[PDB]
$ cat start_1.txt   # compact mmCIF, N, CA, C and O atoms
# COMPACT_ATOMS: atom_id res chain seq x y z
N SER A 1 -106.60 20.88 27.39
CA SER A 1 -105.34 21.63 27.26
C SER A 1 -104.20 20.69 26.90
O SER A 1 -103.83 19.81 27.68
N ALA A 2 -103.65 20.84 25.70
CA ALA A 2 -102.48 20.08 25.29
C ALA A 2 -101.26 20.97 25.31
O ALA A 2 -101.31 22.11 24.85
N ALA A 3 -100.16 20.46 25.87
CA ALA A 3 -98.93 21.23 25.96
C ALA A 3 -98.41 21.62 24.57
O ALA A 3 -98.16 22.80 24.32
N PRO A 4 -98.27 20.66 23.63
CA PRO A 4 -97.85 20.97 22.26
C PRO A 4 -98.94 21.70 21.48
O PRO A 4 -98.85 22.91 21.25
N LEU A 5 -99.96 20.96 21.09
CA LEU A 5 -101.08 21.50 20.33
C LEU A 5 -102.30 20.65 20.60
O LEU A 5 -102.19 19.46 20.89
N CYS A 6 -103.47 21.24 20.52
CA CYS A 6 -104.70 20.52 20.79
C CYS A 6 -105.71 20.77 19.69
O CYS A 6 -105.77 21.86 19.12
N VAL A 7 -106.50 19.74 19.38
CA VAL A 7 -107.45 19.82 18.28
C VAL A 7 -108.87 19.53 18.77
O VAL A 7 -109.06 18.99 19.86
N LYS A 8 -109.85 19.90 17.96
CA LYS A 8 -111.24 19.67 18.29
C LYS A 8 -111.90 18.83 17.21
O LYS A 8 -111.77 19.12 16.03
N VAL A 9 -112.59 17.78 17.62
CA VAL A 9 -113.38 16.99 16.70
C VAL A 9 -114.86 17.24 16.98
O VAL A 9 -115.28 17.16 18.12
N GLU A 10 -115.63 17.56 15.96
CA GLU A 10 -117.03 17.90 16.17
C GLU A 10 -117.90 17.40 15.02
O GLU A 10 -117.39 17.08 13.94
N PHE A 11 -119.20 17.30 15.27
CA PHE A 11 -120.15 16.84 14.27
C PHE A 11 -121.10 17.96 13.87
O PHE A 11 -121.55 18.73 14.72
N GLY A 12 -121.40 18.05 12.58
CA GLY A 12 -122.23 19.14 12.09
C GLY A 12 -123.30 18.70 11.11
O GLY A 12 -124.43 19.16 11.18
N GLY A 13 -122.94 17.79 10.20
CA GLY A 13 -123.88 17.34 9.17
C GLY A 13 -124.92 16.38 9.71
O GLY A 13 -125.12 15.30 9.16
N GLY A 14 -125.58 16.76 10.81
CA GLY A 14 -126.54 15.89 11.46
C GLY A 14 -125.89 14.61 11.96
O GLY A 14 -126.56 13.66 12.33
N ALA A 15 -124.56 14.61 11.98
CA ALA A 15 -123.79 13.43 12.33
C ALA A 15 -123.96 13.09 13.80
O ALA A 15 -123.92 11.93 14.18
N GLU A 16 -124.19 14.12 14.61
CA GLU A 16 -124.34 13.96 16.05
C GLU A 16 -125.48 13.02 16.40
O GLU A 16 -125.45 12.37 17.44
N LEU A 17 -126.49 12.96 15.55
CA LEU A 17 -127.65 12.10 15.80
C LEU A 17 -127.23 10.63 15.81
O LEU A 17 -127.94 9.78 16.34
N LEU A 18 -126.06 10.36 15.24
CA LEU A 18 -125.51 9.01 15.23
C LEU A 18 -124.84 8.74 16.57
O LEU A 18 -124.57 7.60 16.94
N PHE A 19 -124.56 9.82 17.28
CA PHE A 19 -123.84 9.76 18.54
C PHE A 19 -124.69 10.32 19.67
O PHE A 19 -124.17 10.78 20.68
N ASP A 20 -126.01 10.28 19.46
CA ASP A 20 -127.01 10.67 20.47
C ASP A 20 -127.23 12.19 20.52
O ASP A 20 -128.25 12.65 21.03
N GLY A 21 -126.31 12.95 19.95
CA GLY A 21 -126.46 14.40 19.95
C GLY A 21 -125.25 15.14 20.49
O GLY A 21 -125.28 16.36 20.64
N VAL A 22 -124.18 14.41 20.81
CA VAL A 22 -122.95 15.05 21.24
C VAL A 22 -122.09 15.40 20.03
O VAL A 22 -121.73 14.53 19.24
N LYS A 23 -121.79 16.68 19.87
CA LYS A 23 -121.05 17.14 18.70
C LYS A 23 -119.57 17.32 19.01
O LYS A 23 -118.72 16.67 18.42
N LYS A 24 -119.28 18.21 19.96
CA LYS A 24 -117.91 18.62 20.24
C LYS A 24 -117.18 17.61 21.11
O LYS A 24 -117.61 17.26 22.21
N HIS A 25 -116.06 17.13 20.59
CA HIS A 25 -115.18 16.23 21.28
C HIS A 25 -113.76 16.81 21.28
O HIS A 25 -113.14 16.95 20.23
N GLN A 26 -113.25 17.14 22.45
CA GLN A 26 -111.92 17.72 22.57
C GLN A 26 -110.89 16.62 22.77
O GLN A 26 -111.14 15.66 23.49
N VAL A 27 -109.75 16.75 22.11
CA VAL A 27 -108.67 15.78 22.26
C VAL A 27 -107.31 16.47 22.22
O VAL A 27 -106.96 17.15 21.25
N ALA A 28 -106.56 16.31 23.30
CA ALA A 28 -105.26 16.95 23.44
C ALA A 28 -104.13 16.04 23.00
O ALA A 28 -104.10 14.86 23.37
N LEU A 29 -103.19 16.58 22.22
CA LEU A 29 -102.04 15.80 21.77
C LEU A 29 -101.05 15.61 22.92
O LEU A 29 -100.89 16.50 23.76
N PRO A 30 -100.39 14.44 22.97
CA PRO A 30 -99.45 14.08 24.04
C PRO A 30 -98.26 15.05 24.16
O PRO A 30 -97.93 15.48 25.27
N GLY A 31 -97.64 15.39 23.04
CA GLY A 31 -96.46 16.24 23.08
C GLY A 31 -95.21 15.49 22.70
O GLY A 31 -94.11 15.81 23.17
N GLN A 32 -95.35 14.49 21.84
CA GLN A 32 -94.21 13.68 21.43
C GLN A 32 -94.48 12.99 20.10
O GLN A 32 -93.95 13.40 19.06
N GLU A 33 -95.29 11.94 20.13
CA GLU A 33 -95.53 11.13 18.94
C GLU A 33 -96.79 11.57 18.22
O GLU A 33 -96.88 11.51 17.00
N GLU A 34 -97.75 12.05 19.01
CA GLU A 34 -99.05 12.51 18.53
C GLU A 34 -99.75 11.43 17.70
O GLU A 34 -99.68 11.44 16.47
N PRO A 35 -100.41 10.48 18.37
CA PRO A 35 -101.10 9.37 17.72
C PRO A 35 -102.57 9.69 17.46
O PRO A 35 -103.38 8.80 17.18
N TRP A 36 -102.91 10.96 17.55
CA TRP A 36 -104.29 11.40 17.46
C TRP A 36 -104.64 11.82 16.04
O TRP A 36 -105.43 12.75 15.85
N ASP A 37 -104.08 11.13 15.05
CA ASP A 37 -104.38 11.43 13.65
C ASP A 37 -105.87 11.28 13.40
O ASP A 37 -106.56 10.55 14.13
N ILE A 38 -106.38 11.94 12.37
CA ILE A 38 -107.80 11.91 12.04
C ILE A 38 -108.29 10.47 11.93
O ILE A 38 -109.39 10.13 12.35
N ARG A 39 -107.42 9.63 11.37
CA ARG A 39 -107.67 8.21 11.23
C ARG A 39 -108.06 7.58 12.57
O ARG A 39 -109.09 6.91 12.68
N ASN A 40 -107.25 7.82 13.60
CA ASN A 40 -107.43 7.16 14.89
C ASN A 40 -108.61 7.73 15.65
O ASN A 40 -109.25 7.03 16.44
N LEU A 41 -108.91 8.99 15.41
CA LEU A 41 -109.98 9.67 16.13
C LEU A 41 -111.34 9.23 15.64
O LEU A 41 -112.27 9.10 16.42
N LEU A 42 -111.45 8.99 14.34
CA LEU A 42 -112.65 8.41 13.79
C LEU A 42 -112.90 7.05 14.42
O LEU A 42 -114.03 6.72 14.75
N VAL A 43 -111.84 6.28 14.61
CA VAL A 43 -111.95 4.97 15.23
C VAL A 43 -112.44 5.09 16.67
O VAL A 43 -113.33 4.36 17.10
N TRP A 44 -111.85 6.04 17.39
CA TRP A 44 -112.25 6.33 18.76
C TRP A 44 -113.74 6.64 18.80
O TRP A 44 -114.47 6.14 19.65
N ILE A 45 -114.17 7.46 17.86
CA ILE A 45 -115.56 7.87 17.78
C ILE A 45 -116.45 6.73 17.28
O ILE A 45 -117.52 6.47 17.83
N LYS A 46 -115.98 6.02 16.27
CA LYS A 46 -116.73 4.94 15.66
C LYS A 46 -117.02 3.83 16.67
O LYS A 46 -118.17 3.46 16.91
N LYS A 47 -115.97 3.31 17.28
CA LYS A 47 -116.10 2.15 18.16
C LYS A 47 -116.78 2.49 19.48
O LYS A 47 -117.52 1.67 20.03
N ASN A 48 -116.55 3.69 19.98
CA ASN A 48 -117.06 4.07 21.30
C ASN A 48 -118.34 4.88 21.21
O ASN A 48 -119.32 4.59 21.90
N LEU A 49 -118.35 5.87 20.34
CA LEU A 49 -119.40 6.88 20.34
C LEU A 49 -120.55 6.54 19.39
O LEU A 49 -121.67 7.02 19.59
N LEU A 50 -120.30 5.72 18.37
CA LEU A 50 -121.34 5.36 17.40
C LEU A 50 -122.50 4.63 18.09
O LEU A 50 -122.38 3.46 18.45
N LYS A 51 -123.60 5.34 18.28
CA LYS A 51 -124.79 4.75 18.89
C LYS A 51 -125.60 4.01 17.83
O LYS A 51 -126.26 3.01 18.12
N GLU A 52 -125.53 4.50 16.60
CA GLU A 52 -126.13 3.83 15.46
C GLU A 52 -125.23 2.71 14.97
O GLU A 52 -124.26 2.34 15.63
N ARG A 53 -125.56 2.16 13.82
CA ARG A 53 -124.68 1.23 13.14
C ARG A 53 -123.80 2.01 12.17
O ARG A 53 -124.31 2.81 11.39
N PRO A 54 -122.48 1.78 12.19
CA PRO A 54 -121.52 2.56 11.39
C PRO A 54 -121.74 2.46 9.88
O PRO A 54 -121.08 3.15 9.10
N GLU A 55 -122.68 1.61 9.47
CA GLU A 55 -123.01 1.42 8.06
C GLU A 55 -123.52 2.71 7.42
O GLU A 55 -123.34 2.91 6.22
N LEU A 56 -124.14 3.57 8.21
CA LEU A 56 -124.60 4.86 7.70
C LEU A 56 -123.56 5.95 7.96
O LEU A 56 -123.67 7.08 7.48
N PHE A 57 -122.53 5.59 8.71
CA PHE A 57 -121.46 6.51 9.05
C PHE A 57 -120.28 6.26 8.12
O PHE A 57 -120.38 5.49 7.17
N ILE A 58 -119.17 6.90 8.40
CA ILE A 58 -118.02 6.89 7.51
C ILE A 58 -117.19 5.61 7.63
O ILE A 58 -117.27 4.89 8.62
N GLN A 59 -116.40 5.36 6.59
CA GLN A 59 -115.51 4.21 6.55
C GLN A 59 -114.39 4.38 7.57
O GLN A 59 -113.93 5.50 7.81
N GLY A 60 -113.98 3.27 8.17
CA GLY A 60 -113.04 3.32 9.28
C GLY A 60 -111.61 3.61 8.85
O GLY A 60 -110.76 2.72 8.89
N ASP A 61 -111.36 4.84 8.44
CA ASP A 61 -110.01 5.30 8.14
C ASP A 61 -109.96 6.83 8.08
O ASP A 61 -109.02 7.45 8.55
N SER A 62 -111.02 7.43 7.54
CA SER A 62 -111.09 8.88 7.39
C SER A 62 -112.56 9.32 7.37
O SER A 62 -113.08 9.78 8.38
N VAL A 63 -113.20 9.16 6.21
CA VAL A 63 -114.64 9.40 6.05
C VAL A 63 -115.16 8.59 4.87
O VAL A 63 -114.37 8.14 4.03
N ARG A 64 -116.47 8.40 4.82
CA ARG A 64 -117.12 7.80 3.66
C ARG A 64 -117.35 8.90 2.64
O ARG A 64 -117.18 10.07 2.96
N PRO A 65 -117.76 8.57 1.40
CA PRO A 65 -118.12 9.59 0.41
C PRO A 65 -119.30 10.45 0.87
O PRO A 65 -119.58 11.51 0.32
N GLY A 66 -119.98 9.96 1.91
CA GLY A 66 -121.14 10.64 2.44
C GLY A 66 -120.80 11.77 3.39
O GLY A 66 -121.35 12.87 3.27
N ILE A 67 -119.94 11.52 4.37
CA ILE A 67 -119.56 12.57 5.30
C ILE A 67 -118.25 13.22 4.91
O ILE A 67 -117.26 12.54 4.65
N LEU A 68 -118.25 14.54 4.88
CA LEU A 68 -117.06 15.32 4.57
C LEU A 68 -116.45 15.81 5.87
O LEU A 68 -117.16 16.01 6.85
N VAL A 69 -115.14 16.01 5.90
CA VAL A 69 -114.48 16.50 7.10
C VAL A 69 -113.67 17.76 6.82
O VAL A 69 -112.93 17.83 5.85
N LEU A 70 -113.85 18.74 7.67
CA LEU A 70 -113.00 19.92 7.65
C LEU A 70 -111.82 19.69 8.57
O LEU A 70 -111.99 19.47 9.76
N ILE A 71 -110.63 19.70 8.00
CA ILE A 71 -109.43 19.72 8.82
C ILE A 71 -109.13 21.17 9.15
O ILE A 71 -108.82 21.95 8.25
N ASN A 72 -109.33 21.51 10.42
CA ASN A 72 -109.20 22.87 10.96
C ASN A 72 -110.27 23.80 10.42
O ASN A 72 -110.91 24.49 11.20
N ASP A 73 -110.46 23.77 9.11
CA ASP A 73 -111.55 24.49 8.44
C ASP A 73 -111.41 24.34 6.92
O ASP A 73 -111.92 25.15 6.15
N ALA A 74 -110.74 23.28 6.49
CA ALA A 74 -110.42 23.09 5.08
C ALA A 74 -110.70 21.66 4.63
O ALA A 74 -111.00 20.79 5.45
N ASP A 75 -110.58 21.43 3.32
CA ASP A 75 -110.89 20.12 2.73
C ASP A 75 -109.90 19.06 3.18
O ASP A 75 -108.73 19.07 2.78
N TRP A 76 -110.38 18.14 4.00
CA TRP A 76 -109.57 17.07 4.56
C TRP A 76 -108.76 16.33 3.49
O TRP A 76 -107.54 16.18 3.64
N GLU A 77 -109.42 15.90 2.43
CA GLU A 77 -108.82 15.02 1.44
C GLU A 77 -107.59 15.66 0.79
O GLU A 77 -106.57 15.01 0.57
N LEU A 78 -107.70 16.95 0.51
CA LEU A 78 -106.65 17.69 -0.16
C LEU A 78 -105.50 17.98 0.80
O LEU A 78 -104.37 18.23 0.38
N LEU A 79 -105.80 17.92 2.08
CA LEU A 79 -104.85 18.30 3.11
C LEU A 79 -104.08 17.10 3.66
O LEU A 79 -102.94 17.23 4.09
N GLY A 80 -104.71 15.93 3.63
CA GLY A 80 -104.06 14.74 4.15
C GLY A 80 -105.01 13.86 4.94
O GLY A 80 -104.73 12.69 5.17
N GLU A 81 -106.12 14.47 5.37
CA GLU A 81 -107.23 13.78 6.05
C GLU A 81 -106.76 12.72 7.06
O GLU A 81 -106.10 13.06 8.05
N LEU A 82 -107.11 11.47 6.79
CA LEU A 82 -106.83 10.33 7.68
C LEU A 82 -105.43 10.38 8.30
O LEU A 82 -105.28 10.30 9.52
N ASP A 83 -104.41 10.53 7.47
CA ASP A 83 -103.03 10.48 7.94
C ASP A 83 -102.51 11.88 8.22
O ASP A 83 -101.68 12.42 7.48
N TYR A 84 -103.07 12.49 9.25
CA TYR A 84 -102.66 13.81 9.65
C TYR A 84 -101.90 13.77 10.96
O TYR A 84 -102.36 13.15 11.92
N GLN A 85 -100.77 14.45 11.02
CA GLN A 85 -100.02 14.56 12.26
C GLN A 85 -100.60 15.69 13.12
O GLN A 85 -99.96 16.19 14.04
N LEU A 86 -101.85 16.04 12.80
CA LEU A 86 -102.60 17.12 13.46
C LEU A 86 -101.94 18.49 13.28
O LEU A 86 -100.73 18.60 13.08
N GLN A 87 -102.76 19.53 13.30
CA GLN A 87 -102.27 20.89 13.34
C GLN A 87 -102.87 21.57 14.57
O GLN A 87 -103.83 21.06 15.14
N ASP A 88 -102.31 22.68 14.99
CA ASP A 88 -102.76 23.31 16.22
C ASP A 88 -104.11 23.99 16.02
O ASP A 88 -104.33 24.70 15.03
N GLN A 89 -105.01 23.75 16.97
CA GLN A 89 -106.37 24.26 16.92
C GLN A 89 -107.09 23.85 15.65
O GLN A 89 -107.84 24.63 15.05
N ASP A 90 -106.88 22.60 15.25
CA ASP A 90 -107.63 22.00 14.16
C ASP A 90 -109.08 21.81 14.56
O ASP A 90 -109.37 21.13 15.54
N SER A 91 -109.97 22.43 13.82
CA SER A 91 -111.38 22.15 13.98
C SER A 91 -111.76 21.06 13.00
O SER A 91 -111.98 21.32 11.82
N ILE A 92 -111.79 19.84 13.48
CA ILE A 92 -112.11 18.70 12.64
C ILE A 92 -113.60 18.45 12.70
O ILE A 92 -114.12 17.98 13.71
N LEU A 93 -114.30 18.78 11.63
CA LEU A 93 -115.74 18.71 11.63
C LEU A 93 -116.24 17.67 10.65
O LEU A 93 -115.88 17.68 9.47
N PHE A 94 -117.08 16.77 11.14
CA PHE A 94 -117.74 15.80 10.29
C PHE A 94 -119.06 16.36 9.79
O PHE A 94 -119.99 16.62 10.56
N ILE A 95 -119.15 16.55 8.48
CA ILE A 95 -120.34 17.09 7.85
C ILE A 95 -120.93 16.08 6.89
O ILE A 95 -120.40 15.85 5.81
N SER A 96 -122.01 15.44 7.30
CA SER A 96 -122.67 14.48 6.44
C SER A 96 -123.43 15.19 5.35
O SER A 96 -124.39 15.91 5.61
N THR A 97 -123.00 15.00 4.11
CA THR A 97 -123.63 15.67 3.00
C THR A 97 -124.67 14.75 2.36
O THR A 97 -125.28 15.08 1.34
N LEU A 98 -124.90 13.61 3.01
CA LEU A 98 -125.95 12.68 2.60
C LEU A 98 -127.31 13.34 2.75
O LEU A 98 -128.27 12.99 2.07
N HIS A 99 -127.38 14.30 3.66
CA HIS A 99 -128.59 15.08 3.86
C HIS A 99 -128.24 16.55 4.06
O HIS A 99 -127.77 16.96 5.12
N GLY A 100 -128.41 17.34 3.01
CA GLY A 100 -128.13 18.75 3.09
C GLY A 100 -129.37 19.54 3.43
O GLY A 100 -129.31 20.55 4.14
N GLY A 101 -130.50 19.05 2.95
CA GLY A 101 -131.77 19.68 3.23
C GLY A 101 -132.90 18.70 2.99
O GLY A 101 -132.73 17.79 2.16
$ encode --input "start_1.txt" --output "structure tokens"
Amino acid sequence: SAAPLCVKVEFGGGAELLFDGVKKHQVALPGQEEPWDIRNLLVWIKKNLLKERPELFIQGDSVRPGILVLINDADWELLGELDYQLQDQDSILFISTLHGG
């Protein structure tokens, strides 16, 4: 529960297997500066949650060409991706398109 706005970070493109199988990660914004940009959250996930080696995961700023991200439910890159001041109830989903089927 975030007083201002709260966002959800989750894995879908088999990305969870890089993190042992945990997909949904909830993160509440402070209510002032909001340092929880997509950029910083990937870092939080990369450094802490990456059980694999990040070499198969995304680049440490937003995503690699391999994993795509939905900001709330839309194309991250066109929206601002890495440098996002977050939006309310953003469903931030990492979808690795390196393996679609």
$ select_by_dssp --input "start_1.txt" --residues "stretch 19-90 of chain A" --states "strand (DSSP E or B)" --output "list in words"
residues 25, 26, 27, 28, 67, 68, 69, 70, 71, 74 and 75 of chain A
$ closest_residue --input "start_1.txt" --among "A:50, A:42, A:98, A:70" --to "residue A:21" --atoms "only C-alpha atoms"
A:50
$ atom_distance --input "start_1.txt" --atom1 "atom CA of residue A:71" --atom2 "atom O of residue A:51"
25.5 Å
$ atom_distance --input "start_1.txt" --atom1 "atom O of residue A:7" --atom2 "atom O of residue A:64"
20.8 Å
$ closest_residue --input "start_1.txt" --among "A:22, A:92, A:56, A:2" --to "residue A:72" --atoms "all atoms listed in the file"
A:92
$ residues_around --input "start_1.txt" --residues "residue A:85" --least-positions-apart "5" --cutoff "7 Å" --atoms "only N, CA, C and O atoms" --output "NGL selection string"
:A and (33-34 or 36-38)
$ closest_residue --input "start_1.txt" --among "A:76, A:39, A:81, A:45" --to "residue A:60" --atoms "all atoms listed in the file"
A:39
$ atom_distance --input "start_1.txt" --atom1 "atom C of residue A:74" --atom2 "atom C of residue A:20"
24.8 Å
$ closest_residue --input "start_1.txt" --among "A:84, A:89, A:25, A:15" --to "residue A:57" --atoms "only N, CA, C and O atoms"
A:15
$ residues_around --input "start_1.txt" --residues "residue A:67" --least-positions-apart "6" --cutoff "8 Å" --atoms "all atoms listed in the file" --output "short mmCIF file (atom, residue, chain, number, x, y, z; two decimals) with N, CA, C and O atoms, in the frame of the given file"
data_model
loop_
_atom_site.label_atom_id
_atom_site.label_comp_id
_atom_site.auth_asym_id
_atom_site.auth_seq_id
_atom_site.Cartn_x
_atom_site.Cartn_y
_atom_site.Cartn_z
N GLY A 13 -122.94 17.79 10.20
CA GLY A 13 -123.88 17.34 9.17
C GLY A 13 -124.92 16.38 9.71
O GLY A 13 -125.12 15.30 9.16
N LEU A 56 -124.14 3.57 8.21
CA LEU A 56 -124.60 4.86 7.70
C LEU A 56 -123.56 5.95 7.96
O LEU A 56 -123.67 7.08 7.48
N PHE A 57 -122.53 5.59 8.71
CA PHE A 57 -121.46 6.51 9.05
C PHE A 57 -120.28 6.26 8.12
O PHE A 57 -120.38 5.49 7.17
N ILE A 58 -119.17 6.90 8.40
CA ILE A 58 -118.02 6.89 7.51
C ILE A 58 -117.19 5.61 7.63
O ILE A 58 -117.27 4.89 8.62
N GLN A 59 -116.40 5.36 6.59
CA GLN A 59 -115.51 4.21 6.55
C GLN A 59 -114.39 4.38 7.57
O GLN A 59 -113.93 5.50 7.81
N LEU A 93 -114.30 18.78 11.63
CA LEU A 93 -115.74 18.71 11.63
C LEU A 93 -116.24 17.67 10.65
O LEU A 93 -115.88 17.68 9.47
N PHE A 94 -117.08 16.77 11.14
CA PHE A 94 -117.74 15.80 10.29
C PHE A 94 -119.06 16.36 9.79
O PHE A 94 -119.99 16.62 10.56
N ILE A 95 -119.15 16.55 8.48
CA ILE A 95 -120.34 17.09 7.85
C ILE A 95 -120.93 16.08 6.89
O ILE A 95 -120.40 15.85 5.81
N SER A 96 -122.01 15.44 7.30
CA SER A 96 -122.67 14.48 6.44
C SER A 96 -123.43 15.19 5.35
O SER A 96 -124.39 15.91 5.61
N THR A 97 -123.00 15.00 4.11
CA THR A 97 -123.63 15.67 3.00
C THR A 97 -124.67 14.75 2.36
O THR A 97 -125.28 15.08 1.34
N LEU A 98 -124.90 13.61 3.01
CA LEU A 98 -125.95 12.68 2.60
C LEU A 98 -127.31 13.34 2.75
O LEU A 98 -128.27 12.99 2.07
N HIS A 99 -127.38 14.30 3.66
CA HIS A 99 -128.59 15.08 3.86
C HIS A 99 -128.24 16.55 4.06
O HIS A 99 -127.77 16.96 5.12
#
$ closest_residue --input "start_1.txt" --among "A:87, A:32, A:62, A:1" --to "residue A:44" --atoms "only C-alpha atoms"
A:62
